[PDB]
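Here the structure comes first, spelled out in structure tokens, and everything after it is commentary.
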Amino acid sequence: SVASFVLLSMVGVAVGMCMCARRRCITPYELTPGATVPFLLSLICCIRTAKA
Amino acid sequence: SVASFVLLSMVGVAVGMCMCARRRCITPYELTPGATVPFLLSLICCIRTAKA
Amino acid sequence: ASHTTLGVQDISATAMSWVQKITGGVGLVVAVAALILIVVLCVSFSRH
Amino acid sequence: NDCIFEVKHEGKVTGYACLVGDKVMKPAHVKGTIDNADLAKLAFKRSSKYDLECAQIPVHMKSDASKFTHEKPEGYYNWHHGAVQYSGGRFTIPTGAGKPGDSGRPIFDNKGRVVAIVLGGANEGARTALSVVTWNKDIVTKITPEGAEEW
Amino acid sequence: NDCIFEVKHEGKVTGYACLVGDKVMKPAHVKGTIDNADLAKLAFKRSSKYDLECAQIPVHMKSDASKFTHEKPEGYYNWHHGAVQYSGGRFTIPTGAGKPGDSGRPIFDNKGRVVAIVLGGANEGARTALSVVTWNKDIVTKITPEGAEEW
Ligand SMILES: CC(C)CCC[C@@H](C)[C@H]1CC[C@H]2[C@@H]3CC=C4C[C@@H](O)CC[C@]4(C)[C@H]3CC[C@]12C
């Protein structure tokens, strides 16, 4: 029971870190007017292409 | 007692040399208007940027 | 005693690598710090 | 011109929001609701890093967004309350020209294009440094004069 | 040129302190404490290879700082005691155009921007070569003509 809890918790943390990293990495492009997100960056961030 | 003294003395010298290097490679940036210290150097010497 | 004296610092027991590891570790810190200062002095020297 | 909307607190005006290019921007330090219901109901992405809250403009019904540029040549710019002098990496205004509650107003160049958004400023003696948000060709960046405070 | 930045650091003043860009500058070979209090309390960083000491300008007096540039085209430059001829990358003045104790004075271009600060010079017949502090892109450098004396 404990081993299952701890291993699942570790995975949840890994995901939270990835989502935090994704938001911080992409913000400077989505926050900027007239800016377009690079194709490769959109694939890495797992986000929709450009502004649509 | 002697071995402890000598080893500690050697460390103190190593630190003093590092601090001397830290001042010598940075001072010219402080003297120059704008304090335009490059990012990597700021990480290495543990110093603050022009707008800090 | 049938033998002679052990009176030298040289005859310390084995498994004394702790002494060598500590001495080497501190010596390495000095060698690195010395290199850092030398490189900075070289750059400072060339600049005018 | 006329691309400025008010952001209001419950009991007062707190700041301004502006339509620039394809996105609507307001200062993150301003707490209030946009006077225009069309923008007030719009979701914004908050980033404390740049003191911005940004969202996409409903350009299908909001085609009056201002023009903008990343270019920042030396010279004077129009910031509504007068001219602002730009030199090096800083914008400078007259000391009596700045005020609290004025944050969110854009700075325009001689072509009417927005170059930066005003957040605040710092008193440098005979002149006041202006704290603004601007951008390069790729991403948004912020300029923060020493001792600057939010307006 | 039309502005005074030359603050005395001693009663029997030998050289002057000045405000250039965001830094307070004075020759490292002159003794005394800068007047007007605000500069008097500043800590300075010294470099013996540049004969220069510098400190950060307080924000409230930042607006009084002189304009600075690294640009150094061949031609003539101005200073408080006359003109300066810049030729071959070196600054030269007429003999008798300055004396010991007149050091620390900036040399200005045609836009009123500082390009160099005088430390001393070498008297060669009718002309004197100047020992100056000058700047290149993101670096401080010094020029010292042979036989130059400290001022
Ligand atoms: C972990 C490290 C510090 C262990 C080091 C052990 C050292 C400090 C100890 C262990 C055995 C000791 C030695 C035993 C024998 C002698 C011979 C004597 O006539 C002089 C002291 C001398 C030379 C001693 C010096 C100190 C000594 C070397």
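We name chains A, B, ... following the order of the structure tokens; residues begin at 1 in each chain, and ligands are numbered from 1 as shown.
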Sel. of helix (DSSP H, G or I) residues, range 12-63 of chain D, as a ChimeraX atom specification: /D:37-40
With N, CA and C atoms kept, could you save the residues just selected as a JSON list (two decimals), in the first residue's frame?
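File written: part.json
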[["chain", "number", "residue", "atom", "x", "y", "z"],
["D", 37, "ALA", "N", -17.45, 45.38, -21.78],
["D", 37, "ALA", "CA", -17.90, 44.04, -21.39],
["D", 37, "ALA", "C", -17.32, 42.97, -22.31],
["D", 38, "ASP", "N", -17.07, 43.33, -23.56],
["D", 38, "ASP", "CA", -16.54, 42.38, -24.53],
["D", 38, "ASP", "C", -15.15, 41.91, -24.14],
["D", 39, "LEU", "N", -14.40, 42.79, -23.47],
["D", 39, "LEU", "CA", -13.05, 42.46, -23.04],
["D", 39, "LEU", "C", -13.05, 41.97, -21.61],
["D", 40, "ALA", "N", -14.00, 42.45, -20.81],
["D", 40, "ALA", "CA", -14.09, 42.10, -19.40],
["D", 40, "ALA", "C", -14.34, 40.61, -19.22]]
Residues within 12 Å of ligand 1, counting only C-alpha atoms and all ligand atoms, as JSON, numbers by chain: {"B": [1, 2, 3, 4, 7], "C": [5, 6, 7, 8, 9, 10, 11, 12, 13, 14, 15, 16, 17, 18, 19, 20, 21, 22, 23]}
Chain A least-squares fitted onto chain B over all paired Cα atoms, as a PDB file with N, CA, C and O atoms, in the first residue's frame:
ATOM      1  N   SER A   1      47.737  17.733  14.952  1.00  0.00           N
ATOM      2  CA  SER A   1      47.533  19.166  15.113  1.00  0.00           C
ATOM      3  C   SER A   1      48.154  19.952  13.965  1.00  0.00           C
ATOM      4  O   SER A   1      47.546  20.889  13.444  1.00  0.00           O
ATOM      5  N   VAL A   2      49.360  19.564  13.561  1.00  0.00           N
ATOM      6  CA  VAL A   2      50.039  20.252  12.475  1.00  0.00           C
ATOM      7  C   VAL A   2      49.382  19.965  11.136  1.00  0.00           C
ATOM      8  O   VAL A   2      49.198  20.871  10.326  1.00  0.00           O
ATOM      9  N   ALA A   3      49.035  18.705  10.896  1.00  0.00           N
ATOM     10  CA  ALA A   3      48.424  18.338   9.630  1.00  0.00           C
ATOM     11  C   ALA A   3      47.100  19.065   9.444  1.00  0.00           C
ATOM     12  O   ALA A   3      46.783  19.514   8.342  1.00  0.00           O
ATOM     13  N   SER A   4      46.340  19.207  10.526  1.00  0.00           N
ATOM     14  CA  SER A   4      45.063  19.901  10.451  1.00  0.00           C
ATOM     15  C   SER A   4      45.273  21.371  10.126  1.00  0.00           C
ATOM     16  O   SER A   4      44.586  21.932   9.271  1.00  0.00           O
ATOM     17  N   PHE A   5      46.252  21.984  10.783  1.00  0.00           N
ATOM     18  CA  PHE A   5      46.566  23.385  10.553  1.00  0.00           C
ATOM     19  C   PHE A   5      46.967  23.644   9.107  1.00  0.00           C
ATOM     20  O   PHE A   5      46.489  24.592   8.484  1.00  0.00           O
ATOM     21  N   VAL A   6      47.857  22.811   8.581  1.00  0.00           N
ATOM     22  CA  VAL A   6      48.360  23.010   7.231  1.00  0.00           C
ATOM     23  C   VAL A   6      47.275  22.820   6.183  1.00  0.00           C
ATOM     24  O   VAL A   6      47.185  23.600   5.234  1.00  0.00           O
ATOM     25  N   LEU A   7      46.450  21.792   6.344  1.00  0.00           N
ATOM     26  CA  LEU A   7      45.399  21.533   5.370  1.00  0.00           C
ATOM     27  C   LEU A   7      44.365  22.651   5.368  1.00  0.00           C
ATOM     28  O   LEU A   7      43.894  23.067   4.308  1.00  0.00           O
ATOM     29  N   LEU A   8      44.034  23.162   6.551  1.00  0.00           N
ATOM     30  CA  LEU A   8      43.088  24.263   6.648  1.00  0.00           C
ATOM     31  C   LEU A   8      43.671  25.534   6.047  1.00  0.00           C
ATOM     32  O   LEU A   8      42.964  26.304   5.395  1.00  0.00           O
ATOM     33  N   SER A   9      44.970  25.740   6.247  1.00  0.00           N
ATOM     34  CA  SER A   9      45.641  26.907   5.693  1.00  0.00           C
ATOM     35  C   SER A   9      45.612  26.872   4.173  1.00  0.00           C
ATOM     36  O   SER A   9      45.356  27.889   3.526  1.00  0.00           O
ATOM     37  N   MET A  10      45.846  25.693   3.600  1.00  0.00           N
ATOM     38  CA  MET A  10      45.827  25.537   2.152  1.00  0.00           C
ATOM     39  C   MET A  10      44.468  25.900   1.569  1.00  0.00           C
ATOM     40  O   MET A  10      44.388  26.563   0.535  1.00  0.00           O
ATOM     41  N   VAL A  11      43.404  25.497   2.252  1.00  0.00           N
ATOM     42  CA  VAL A  11      42.062  25.813   1.783  1.00  0.00           C
ATOM     43  C   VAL A  11      41.812  27.313   1.830  1.00  0.00           C
ATOM     44  O   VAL A  11      41.251  27.882   0.894  1.00  0.00           O
ATOM     45  N   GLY A  12      42.238  27.954   2.914  1.00  0.00           N
ATOM     46  CA  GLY A  12      42.059  29.393   3.054  1.00  0.00           C
ATOM     47  C   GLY A  12      42.781  30.152   1.946  1.00  0.00           C
ATOM     48  O   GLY A  12      42.277  31.158   1.443  1.00  0.00           O
ATOM     49  N   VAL A  13      43.946  29.651   1.546  1.00  0.00           N
ATOM     50  CA  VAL A  13      44.698  30.269   0.462  1.00  0.00           C
ATOM     51  C   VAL A  13      43.973  30.106  -0.866  1.00  0.00           C
ATOM     52  O   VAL A  13      43.903  31.045  -1.660  1.00  0.00           O
ATOM     53  N   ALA A  14      43.426  28.918  -1.102  1.00  0.00           N
ATOM     54  CA  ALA A  14      42.698  28.655  -2.335  1.00  0.00           C
ATOM     55  C   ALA A  14      41.508  29.596  -2.471  1.00  0.00           C
ATOM     56  O   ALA A  14      41.201  30.070  -3.565  1.00  0.00           O
ATOM     57  N   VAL A  15      40.852  29.880  -1.350  1.00  0.00           N
ATOM     58  CA  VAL A  15      39.714  30.787  -1.361  1.00  0.00           C
ATOM     59  C   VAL A  15      40.160  32.211  -1.637  1.00  0.00           C
ATOM     60  O   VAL A  15      39.531  32.926  -2.417  1.00  0.00           O
ATOM     61  N   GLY A  16      41.252  32.624  -1.002  1.00  0.00           N
ATOM     62  CA  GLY A  16      41.768  33.970  -1.199  1.00  0.00           C
ATOM     63  C   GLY A  16      42.143  34.209  -2.656  1.00  0.00           C
ATOM     64  O   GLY A  16      41.895  35.288  -3.195  1.00  0.00           O
ATOM     65  N   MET A  17      42.716  33.194  -3.301  1.00  0.00           N
ATOM     66  CA  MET A  17      43.079  33.317  -4.707  1.00  0.00           C
ATOM     67  C   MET A  17      41.839  33.446  -5.579  1.00  0.00           C
ATOM     68  O   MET A  17      41.823  34.220  -6.537  1.00  0.00           O
ATOM     69  N   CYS A  18      40.791  32.704  -5.232  1.00  0.00           N
ATOM     70  CA  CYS A  18      39.551  32.752  -5.992  1.00  0.00           C
ATOM     71  C   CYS A  18      38.888  34.118  -5.882  1.00  0.00           C
ATOM     72  O   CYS A  18      38.381  34.649  -6.870  1.00  0.00           O
ATOM     73  N   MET A  19      38.905  34.691  -4.682  1.00  0.00           N
ATOM     74  CA  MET A  19      38.301  36.000  -4.468  1.00  0.00           C
ATOM     75  C   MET A  19      39.090  37.091  -5.177  1.00  0.00           C
ATOM     76  O   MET A  19      38.512  38.042  -5.707  1.00  0.00           O
ATOM     77  N   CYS A  20      40.410  36.945  -5.206  1.00  0.00           N
ATOM     78  CA  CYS A  20      41.244  37.912  -5.903  1.00  0.00           C
ATOM     79  C   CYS A  20      40.980  37.842  -7.397  1.00  0.00           C
ATOM     80  O   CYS A  20      40.867  38.868  -8.070  1.00  0.00           O
ATOM     81  N   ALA A  21      40.863  36.621  -7.908  1.00  0.00           N
ATOM     82  CA  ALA A  21      40.597  36.408  -9.319  1.00  0.00           C
ATOM     83  C   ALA A  21      39.234  36.961  -9.699  1.00  0.00           C
ATOM     84  O   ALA A  21      39.068  37.556 -10.765  1.00  0.00           O
ATOM     85  N   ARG A  22      38.258  36.782  -8.815  1.00  0.00           N
ATOM     86  CA  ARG A  22      36.904  37.237  -9.089  1.00  0.00           C
ATOM     87  C   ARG A  22      36.846  38.754  -9.189  1.00  0.00           C
ATOM     88  O   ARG A  22      36.191  39.298 -10.080  1.00  0.00           O
ATOM     89  N   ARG A  23      37.542  39.441  -8.289  1.00  0.00           N
ATOM     90  CA  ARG A  23      37.536  40.896  -8.309  1.00  0.00           C
ATOM     91  C   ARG A  23      38.215  41.440  -9.558  1.00  0.00           C
ATOM     92  O   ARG A  23      37.716  42.373 -10.188  1.00  0.00           O
ATOM     93  N   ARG A  24      39.346  40.849  -9.929  1.00  0.00           N
ATOM     94  CA  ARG A  24      40.085  41.327 -11.089  1.00  0.00           C
ATOM     95  C   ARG A  24      39.330  41.068 -12.385  1.00  0.00           C
ATOM     96  O   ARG A  24      39.356  41.889 -13.301  1.00  0.00           O
ATOM     97  N   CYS A  25      38.657  39.927 -12.459  1.00  0.00           N
ATOM     98  CA  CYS A  25      37.920  39.555 -13.658  1.00  0.00           C
ATOM     99  C   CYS A  25      36.721  40.461 -13.909  1.00  0.00           C
ATOM    100  O   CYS A  25      36.421  40.795 -15.057  1.00  0.00           O
ATOM    101  N   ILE A  26      36.012  40.830 -12.846  1.00  0.00           N
ATOM    102  CA  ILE A  26      34.780  41.596 -12.998  1.00  0.00           C
ATOM    103  C   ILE A  26      34.994  43.110 -13.001  1.00  0.00           C
ATOM    104  O   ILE A  26      34.172  43.851 -13.542  1.00  0.00           O
ATOM    105  N   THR A  27      36.084  43.578 -12.395  1.00  0.00           N
ATOM    106  CA  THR A  27      36.308  45.015 -12.271  1.00  0.00           C
ATOM    107  C   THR A  27      36.063  45.805 -13.563  1.00  0.00           C
ATOM    108  O   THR A  27      35.352  46.809 -13.518  1.00  0.00           O
ATOM    109  N   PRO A  28      36.595  45.395 -14.722  1.00  0.00           N
ATOM    110  CA  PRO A  28      36.533  46.119 -15.982  1.00  0.00           C
ATOM    111  C   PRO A  28      35.093  46.372 -16.425  1.00  0.00           C
ATOM    112  O   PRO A  28      34.833  47.278 -17.215  1.00  0.00           O
ATOM    113  N   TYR A  29      34.158  45.567 -15.916  1.00  0.00           N
ATOM    114  CA  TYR A  29      32.754  45.709 -16.281  1.00  0.00           C
ATOM    115  C   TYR A  29      32.008  46.586 -15.290  1.00  0.00           C
ATOM    116  O   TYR A  29      31.149  47.383 -15.676  1.00  0.00           O
ATOM    117  N   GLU A  30      32.342  46.455 -14.014  1.00  0.00           N
ATOM    118  CA  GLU A  30      31.698  47.255 -12.971  1.00  0.00           C
ATOM    119  C   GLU A  30      32.266  48.656 -12.913  1.00  0.00           C
ATOM    120  O   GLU A  30      31.613  49.599 -12.471  1.00  0.00           O
ATOM    121  N   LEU A  31      33.515  48.800 -13.363  1.00  0.00           N
ATOM    122  CA  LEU A  31      34.214  50.073 -13.351  1.00  0.00           C
ATOM    123  C   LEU A  31      33.790  50.943 -14.538  1.00  0.00           C
ATOM    124  O   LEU A  31      34.017  52.158 -14.532  1.00  0.00           O
ATOM    125  N   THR A  32      33.235  50.314 -15.562  1.00  0.00           N
ATOM    126  CA  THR A  32      32.886  50.988 -16.814  1.00  0.00           C
ATOM    127  C   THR A  32      31.442  51.505 -16.788  1.00  0.00           C
ATOM    128  O   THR A  32      30.522  50.741 -16.508  1.00  0.00           O
ATOM    129  N   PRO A  33      31.220  52.801 -17.065  1.00  0.00           N
ATOM    130  CA  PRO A  33      29.921  53.435 -17.143  1.00  0.00           C
ATOM    131  C   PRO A  33      29.152  52.909 -18.346  1.00  0.00           C
ATOM    132  O   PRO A  33      29.720  52.758 -19.429  1.00  0.00           O
ATOM    133  N   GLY A  34      27.871  52.633 -18.160  1.00  0.00           N
ATOM    134  CA  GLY A  34      27.017  52.201 -19.261  1.00  0.00           C
ATOM    135  C   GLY A  34      27.189  50.724 -19.600  1.00  0.00           C
ATOM    136  O   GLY A  34      26.499  50.204 -20.476  1.00  0.00           O
ATOM    137  N   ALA A  35      28.123  50.055 -18.930  1.00  0.00           N
ATOM    138  CA  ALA A  35      28.414  48.661 -19.238  1.00  0.00           C
ATOM    139  C   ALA A  35      27.439  47.727 -18.542  1.00  0.00           C
ATOM    140  O   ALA A  35      26.938  48.027 -17.458  1.00  0.00           O
ATOM    141  N   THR A  36      27.204  46.576 -19.159  1.00  0.00           N
ATOM    142  CA  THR A  36      26.386  45.529 -18.564  1.00  0.00           C
ATOM    143  C   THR A  36      27.175  44.231 -18.495  1.00  0.00           C
ATOM    144  O   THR A  36      27.802  43.825 -19.473  1.00  0.00           O
ATOM    145  N   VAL A  37      27.143  43.583 -17.338  1.00  0.00           N
ATOM    146  CA  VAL A  37      27.852  42.326 -17.147  1.00  0.00           C
ATOM    147  C   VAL A  37      27.147  41.190 -17.893  1.00  0.00           C
ATOM    148  O   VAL A  37      25.947  40.989 -17.706  1.00  0.00           O
ATOM    149  N   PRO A  38      27.872  40.432 -18.724  1.00  0.00           N
ATOM    150  CA  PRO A  38      27.410  39.258 -19.444  1.00  0.00           C
ATOM    151  C   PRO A  38      26.812  38.234 -18.491  1.00  0.00           C
ATOM    152  O   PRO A  38      27.313  38.036 -17.384  1.00  0.00           O
ATOM    153  N   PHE A  39      25.735  37.589 -18.923  1.00  0.00           N
ATOM    154  CA  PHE A  39      25.017  36.642 -18.080  1.00  0.00           C
ATOM    155  C   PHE A  39      25.917  35.521 -17.578  1.00  0.00           C
ATOM    156  O   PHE A  39      25.908  35.190 -16.391  1.00  0.00           O
ATOM    157  N   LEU A  40      26.699  34.940 -18.478  1.00  0.00           N
ATOM    158  CA  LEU A  40      27.554  33.824 -18.106  1.00  0.00           C
ATOM    159  C   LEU A  40      28.627  34.262 -17.121  1.00  0.00           C
ATOM    160  O   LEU A  40      29.000  33.508 -16.222  1.00  0.00           O
ATOM    161  N   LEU A  41      29.119  35.484 -17.283  1.00  0.00           N
ATOM    162  CA  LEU A  41      30.167  35.987 -16.408  1.00  0.00           C
ATOM    163  C   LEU A  41      29.645  36.167 -14.991  1.00  0.00           C
ATOM    164  O   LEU A  41      30.361  35.909 -14.022  1.00  0.00           O
ATOM    165  N   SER A  42      28.392  36.600 -14.870  1.00  0.00           N
ATOM    166  CA  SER A  42      27.790  36.793 -13.558  1.00  0.00           C
ATOM    167  C   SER A  42      27.633  35.466 -12.828  1.00  0.00           C
ATOM    168  O   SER A  42      27.779  35.399 -11.606  1.00  0.00           O
ATOM    169  N   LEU A  43      27.361  34.402 -13.579  1.00  0.00           N
ATOM    170  CA  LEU A  43      27.236  33.078 -12.980  1.00  0.00           C
ATOM    171  C   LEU A  43      28.588  32.576 -12.491  1.00  0.00           C
ATOM    172  O   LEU A  43      28.693  31.984 -11.417  1.00  0.00           O
ATOM    173  N   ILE A  44      29.626  32.837 -13.279  1.00  0.00           N
ATOM    174  CA  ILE A  44      30.980  32.414 -12.946  1.00  0.00           C
ATOM    175  C   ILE A  44      31.531  33.196 -11.764  1.00  0.00           C
ATOM    176  O   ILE A  44      32.165  32.631 -10.873  1.00  0.00           O
ATOM    177  N   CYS A  45      31.293  34.501 -11.765  1.00  0.00           N
ATOM    178  CA  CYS A  45      31.795  35.372 -10.712  1.00  0.00           C
ATOM    179  C   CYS A  45      30.937  35.290  -9.459  1.00  0.00           C
ATOM    180  O   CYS A  45      31.300  35.833  -8.416  1.00  0.00           O
ATOM    181  N   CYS A  46      29.799  34.609  -9.561  1.00  0.00           N
ATOM    182  CA  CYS A  46      28.883  34.474  -8.436  1.00  0.00           C
ATOM    183  C   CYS A  46      28.448  35.835  -7.910  1.00  0.00           C
ATOM    184  O   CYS A  46      28.549  36.114  -6.714  1.00  0.00           O
ATOM    185  N   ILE A  47      27.981  36.685  -8.817  1.00  0.00           N
ATOM    186  CA  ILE A  47      27.557  38.039  -8.476  1.00  0.00           C
ATOM    187  C   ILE A  47      26.133  38.314  -8.937  1.00  0.00           C
ATOM    188  O   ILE A  47      25.562  37.553  -9.718  1.00  0.00           O
ATOM    189  N   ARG A  48      25.562  39.405  -8.442  1.00  0.00           N
ATOM    190  CA  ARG A  48      24.212  39.801  -8.815  1.00  0.00           C
ATOM    191  C   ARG A  48      24.144  40.212 -10.282  1.00  0.00           C
ATOM    192  O   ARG A  48      25.118  40.722 -10.838  1.00  0.00           O
ATOM    193  N   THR A  49      22.998  39.963 -10.906  1.00  0.00           N
ATOM    194  CA  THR A  49      22.810  40.245 -12.323  1.00  0.00           C
ATOM    195  C   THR A  49      22.848  41.737 -12.637  1.00  0.00           C
ATOM    196  O   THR A  49      22.179  42.544 -11.990  1.00  0.00           O
ATOM    197  N   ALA A  50      23.608  42.080 -13.672  1.00  0.00           N
ATOM    198  CA  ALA A  50      23.695  43.442 -14.184  1.00  0.00           C
ATOM    199  C   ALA A  50      23.993  44.446 -13.074  1.00  0.00           C
ATOM    200  O   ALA A  50      24.980  44.316 -12.352  1.00  0.00           O
ATOM    201  N   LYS A  51      23.154  45.474 -12.981  1.00  0.00           N
ATOM    202  CA  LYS A  51      23.366  46.579 -12.047  1.00  0.00           C
ATOM    203  C   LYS A  51      22.411  46.592 -10.845  1.00  0.00           C
ATOM    204  O   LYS A  51      22.351  47.590 -10.125  1.00  0.00           O
ATOM    205  N   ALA A  52      21.636  45.513 -10.655  1.00  0.00           N
ATOM    206  CA  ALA A  52      20.611  45.462  -9.606  1.00  0.00           C
ATOM    207  C   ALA A  52      20.683  44.144  -8.830  1.00  0.00           C
ATOM    208  O   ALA A  52      21.727  43.819  -8.265  1.00  0.00           O
TER     209      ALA A  52
END
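When chain E serves as the reference and chain D is fitted to it on all C-alpha atoms, the deviation left is 1.6 Å RMSD.
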Report as a Markdown table: every residue of chain C with an atom at most 7 Å from chain B, its closest pair of atoms, and their distance in Å to one decimal, counting only C-alpha atoms, with rows sorted by chain and ascending residue number.
| residue | atom | partner | partner_atom | distance |
| --- | --- | --- | --- | --- |
| C:26 | CA | B:11 | CA | 6.5 |
| C:29 | CA | B:14 | CA | 6.4 |
| C:30 | CA | B:14 | CA | 4.7 |
| C:33 | CA | B:14 | CA | 5.2 |
| C:34 | CA | B:17 | CA | 6.5 |
| C:36 | CA | B:21 | CA | 6.8 |
| C:37 | CA | B:21 | CA | 4.9 |
| C:40 | CA | B:21 | CA | 6.0 |
Strand (DSSP E or B) residues, from DSSP on the backbone, in range 19-89 of chain D, as a list in words: residues 19, 20, 23, 24, 25, 26, 27, 33, 34, 45, 46, 47, 52, 53, 54, 55, 56, 66, 68, 75, 76, 77, 78, 83, 84, 85, 86 and 87 of chain D
Point-to-point distance in Å for CA of residue 71 in chain D and CA of residue 108 in chain D: 11.2 Å
Residues of chain D within 6 Å of chain A, counting only C-alpha atoms, as a PyMOL selection string: chain D and resi 23+54+139-140
Write out the residues from the selection above, keeping N, CA, C and O atoms, as a PDB file, in the first residue's frame.
ATOM      1  N   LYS D  23      -3.349  41.308 -29.817  1.00  0.00           N
ATOM      2  CA  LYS D  23      -3.568  40.973 -28.412  1.00  0.00           C
ATOM      3  C   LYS D  23      -3.902  42.186 -27.551  1.00  0.00           C
ATOM      4  O   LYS D  23      -3.438  43.299 -27.803  1.00  0.00           O
ATOM      5  N   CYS D  54      -2.368  39.095 -20.500  1.00  0.00           N
ATOM      6  CA  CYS D  54      -2.622  39.216 -21.934  1.00  0.00           C
ATOM      7  C   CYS D  54      -3.678  38.244 -22.438  1.00  0.00           C
ATOM      8  O   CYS D  54      -3.835  37.142 -21.910  1.00  0.00           O
ATOM      9  N   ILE D 139      10.340  37.922 -28.585  1.00  0.00           N
ATOM     10  CA  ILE D 139       9.656  37.838 -27.294  1.00  0.00           C
ATOM     11  C   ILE D 139       9.548  39.183 -26.580  1.00  0.00           C
ATOM     12  O   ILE D 139      10.285  40.122 -26.883  1.00  0.00           O
ATOM     13  N   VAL D 140       8.647  39.243 -25.602  1.00  0.00           N
ATOM     14  CA  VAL D 140       8.458  40.429 -24.767  1.00  0.00           C
ATOM     15  C   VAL D 140       9.514  40.541 -23.672  1.00  0.00           C
ATOM     16  O   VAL D 140       9.905  39.542 -23.067  1.00  0.00           O
TER      17      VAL D 140
END
